[PDB]
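Beneath this line is the structure, given in structure tokens, with notes to follow.
Values in this text are rule-based calculations from the coordinates and carry no lab data. Please note: Cβ atoms are built from the backbone with ideal geometry, for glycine as well, and neighbour counts cover all protein chains shown.
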Amino acid sequence: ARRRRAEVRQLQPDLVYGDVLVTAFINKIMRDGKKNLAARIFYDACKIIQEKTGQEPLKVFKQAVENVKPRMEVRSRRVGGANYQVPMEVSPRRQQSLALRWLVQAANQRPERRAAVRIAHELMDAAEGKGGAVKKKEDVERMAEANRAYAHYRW
Amino acid sequence: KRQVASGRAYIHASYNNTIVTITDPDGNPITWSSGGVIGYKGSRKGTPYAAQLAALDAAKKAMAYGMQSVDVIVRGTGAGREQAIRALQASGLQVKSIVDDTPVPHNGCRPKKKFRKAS
Amino acid sequence: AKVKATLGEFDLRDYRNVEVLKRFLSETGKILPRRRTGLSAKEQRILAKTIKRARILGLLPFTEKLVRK
Amino acid sequence: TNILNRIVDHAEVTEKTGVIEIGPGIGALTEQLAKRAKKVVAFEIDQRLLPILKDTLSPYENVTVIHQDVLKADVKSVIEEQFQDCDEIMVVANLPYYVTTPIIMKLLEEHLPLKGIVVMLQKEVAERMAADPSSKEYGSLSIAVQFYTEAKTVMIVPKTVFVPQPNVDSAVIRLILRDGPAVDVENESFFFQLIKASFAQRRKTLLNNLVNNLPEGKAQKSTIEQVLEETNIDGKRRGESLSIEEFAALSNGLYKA
RNA sequence: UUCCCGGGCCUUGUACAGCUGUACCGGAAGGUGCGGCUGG
RNA sequence: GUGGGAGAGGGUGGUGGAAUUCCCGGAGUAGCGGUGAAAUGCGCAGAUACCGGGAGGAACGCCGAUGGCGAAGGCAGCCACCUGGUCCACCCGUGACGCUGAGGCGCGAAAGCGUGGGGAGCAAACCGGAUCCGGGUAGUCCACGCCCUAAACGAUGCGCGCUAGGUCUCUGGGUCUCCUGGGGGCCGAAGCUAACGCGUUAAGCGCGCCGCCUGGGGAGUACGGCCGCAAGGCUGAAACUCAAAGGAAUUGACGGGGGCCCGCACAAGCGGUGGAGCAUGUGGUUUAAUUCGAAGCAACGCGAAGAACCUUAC
């Protein structure tokens, strides 16, 4: 876009929980436009969380969400045909975007046979602070704040 | 080996190279550093990275002699002045005063062809 | 603010009254431009000469060292 | 184009004569040259430009191609290799100006049994023109290129042939290698050194040049002045007045003193 | 909107940095030193 | 004439430091130095970065300005002496004593020469490297003699009188927010100009005197003369050749180089292609024929929205 600000689409909150984060999550799980299958996967996963872990899985999901939420990002810059991975602030929207994206890819990355168990294990572990998504977040953070000398490139 | 524990640092930051040297209050140097001792050769010696390195190299060979407090006096108009400054500032040392001491001519000797055409 | 306004009555040609002359010097031993000093053309010109005289006598610095970043 | 006809006319090339070409390039020169000489041999260096040359010269058979520079090659080797029955040899090189200046001399100090050269130079440096002593054009280079040969510019050329558009005018100069040195020489080295000593500062007087530029000199003020006295050369005369015979005599004088 | 590609509109040089006095060029489709000018 | 003013105007005699280089000591040492990149080069008799003490040369950083002075070229550290020009106030004195100026005489950036000194830095020519960098003689500096050129330009000769104003600035004087002189710029009446533009600092209206032009090239060339030690300078043609050579300004073009804005152009994402098998089109080979066309985007599941016979053109 060159003129507009590309207004953010307001997602319809989920039915059972009345929450928008759950809707966003199930949307991110989606492949080939199969909503029902993704919702079933999520519901099975949360039921597994409930059986295994005493408390309501809604809170554990949210806690994992702000657990795997970063603050710094490195972006490329093209000055004199050279790369400048300048660190930069992330808006809450962007924060949420990468958080959900990492969560879903990490869920798909597990070696467990079933998708539901994979996503459940990733969710619980990310809540704890271990797993692929978390390790990737500290990866990007340590990639950031290590080239603070480049901070003058405000961009 | 000197145990002066308090000296002054001099930074010659040129276009092509940056050299840092630590000395006693008297003015007898104890150690230096240069892009060259790091291992960089050619253009990259002038590049501030080599400054980021010889920066602390000074400091290290200085902790080696047990110096704590430092006075920083910088010379030249090199690209890697300020980053070298922040460097030997946070190399683990208490900097007292930092001053720019770039020596300018009082319209004396005629420079190179590259440095003429000044109006 | 301009230096000239925030002063009292004084002499320009007096090359010995150091504590007024220094206030016409920067942190480095340089004569301020007309903008900073707010002096007329003739008084600036005579002030330059007085500065040079007192400066040769050793009362004023040829240069000073700015203490900053 | 078509300047080639007039240059060849000033080459006085015959059927009995052979020709060496140093900068043939596209072979346009060689093209119009072929119809006049029995033997044409071309030195060539550009690996890029050679393949395009090879096929284009197919119509004419009397051509020969040599793939090394004039600098690091024995010209006499080639002359003996190909020119066994040929009477004399001409050279019609038209190569870039900044390359031509050393090679022409190099062909000269080696004293190959070649008669003369017809070559393109800049107008201003036409072997420094006629090298008449009392002139701006007169030089050390002139002294070199009349000590070994007789040179004259047959004509000049404005406009362009090869390049889109130049800035300066050009000329063509014609040469004959002389049988012997102009005047007797006690040493080549000393003679050439004396030439450079005289021409080191053109504007300064000859006496000053000899005293300063020449080694020692300061200790031999009286000696130099005396010898130039017996030489019948005035001290305040400049280098640009002395001629070949003069310099010879002066060189003879300076040695043995 | 920095960059890659492709367009539109508005601005400047040559076609339907340059010049110049002088002094030199044995790697002269010109080069350099000392100045000077905008007729950039 | 009296009373005052400003100023890199000039000449002479001296001293103030910043910086570069070299030398003598201290301490320290694996490289300094350079380009878009690199390479020559300096260093174990220990370089650069550093501190202290000396030597010598040249120039004068901020002030410094679009500013000032001079007839031009030109002139900036500071002090002292000698000296030129100029401006204003008083309206005191002489009573036209004025303007211009062929020749002459003097001055004349830089570069260059001679007789002697000096030489830090920079640098023609020259010595080396990859094909701009490192050194380096003359020179740049001083004294005395020559040389006398230029985009020596405001491309505008000098003096005087008249012809609306506005604004900025330098320097004087008054009855002080203004009035009245002398300089330096910018917009503009009338007017002038081919136009650009000029416009009380005229390129307007006029008068006086001097210099210069008679189409381009040849050519500031040839011969002669004068000057100079020399390079060269001043004066300055013809034969021959062309029908143009030029000055402004308009429209447009190509890349000069910038400004701005748009496009799933980039970026931020999702899914693909290039790896595999198969279908189709095409290049090239092969064949008796493999009919023919389409060729960057904008040809290549295109003509062909149906080739076993027809279609079919081989």
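Structure notes:
- Each residue of the stretch A:78-90 was assigned a 3J(HN,Hα) from its phi angle through the Karplus curve 6.51 cos²θ - 1.76 cosθ + 1.60 (θ = phi - 60°); the sequence is 10, 10, x, x, 10, 9, 9, 6, 6, x, 7, 5, 10 Hz, with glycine and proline shown as x.
- Computed over chain D with a Gaussian network model linking Cα atoms closer than 10 Å, the most mobile of D:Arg237, D:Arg174, D:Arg128 is D:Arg237.
- Amide H partners (placed H, <5 Å) of C:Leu32, local residues excluded: C:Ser26
- The string of couplings for the stretch D:159-166 from the Karplus curve (6.51, -1.76, 1.60, θ = phi - 60°) is 6, 7, 10, 9, 5, x, 7, x Hz, one whole number per residue in order, with x for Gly and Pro.
- GluC sites (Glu not before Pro) within the stretch A:1-103: DSSP coil, no more than 10 neighbouring Cβ in 10 Å: A:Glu7
- For the protein assembly as shown, the antiparallel share of DSSP beta bridges with both residues in that region comes to about 55%.
- Among the GluC sites (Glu not before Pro) in the stretch D:101-204, those placed in a DSSP loop whose Cβ has at most 16 other Cβ atoms within 10 Å are D:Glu110, D:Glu124, D:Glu137, D:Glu186.
- Farthest toward the positive end of the dipole of the protein assembly as shown, out of D:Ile104, D:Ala197, D:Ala182, is the Cα of D:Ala197, where the dipole comes from beta carbon charges about the Cα centre.
- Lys/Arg +1, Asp/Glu -1 at C-beta; the protein assembly as shown dipole; positive extreme among A:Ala106, B:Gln83, A:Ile41: A:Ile41
- Neighbours of C:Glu27, meaning other residues whose beta-carbon lies under 10 angstrom from its beta-carbon, give a summed charge of +2 when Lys and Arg score +1 and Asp and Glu score -1.
- Euclidean distance between Cα centres, the stretch B:14-38 to the stretch D:61-105, Å: 60
- In Hz, Karplus ³J(HN,Hα) per residue of the stretch D:47-63 (6.51, -1.76, 1.60; θ = phi - 60°; x = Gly, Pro): 4, 5, 8, 5, x, 5, 6, 4, 7, 6, 8, 4, x, 9, 10, 7, 8
- For the protein assembly as shown, a simple Cβ point-charge model (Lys and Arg +1, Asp and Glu -1, everything else neutral) yields a dipole of about 5700 debye relative to the Cα centre.
- Taking C:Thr37, D:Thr56, D:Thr160 and counting other C-beta atoms within 10 Å, the order from fewest to most: D:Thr160, D:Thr56, C:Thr37
- Longest exposed-site-free window of chain B, the sites being trypsin sites (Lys or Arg not before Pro) in a DSSP loop that have at most 10 other C-beta atoms within 10 Å: B:42-111
- Overall form of the stretch D:183-257 per C-alpha gyration tensor (a/c, 1.5; a/b vs b/c): rounded
- Inter-centroid distance (Cα atoms) of the stretch A:1-73 relative to the stretch D:160-237, Å: 95
- Neighbour cut-off at most 13 other Cβ (10 Å), DSSP loop, chymotrypsin sites (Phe, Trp or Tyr not before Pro), the stretch B:12-42: B:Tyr15
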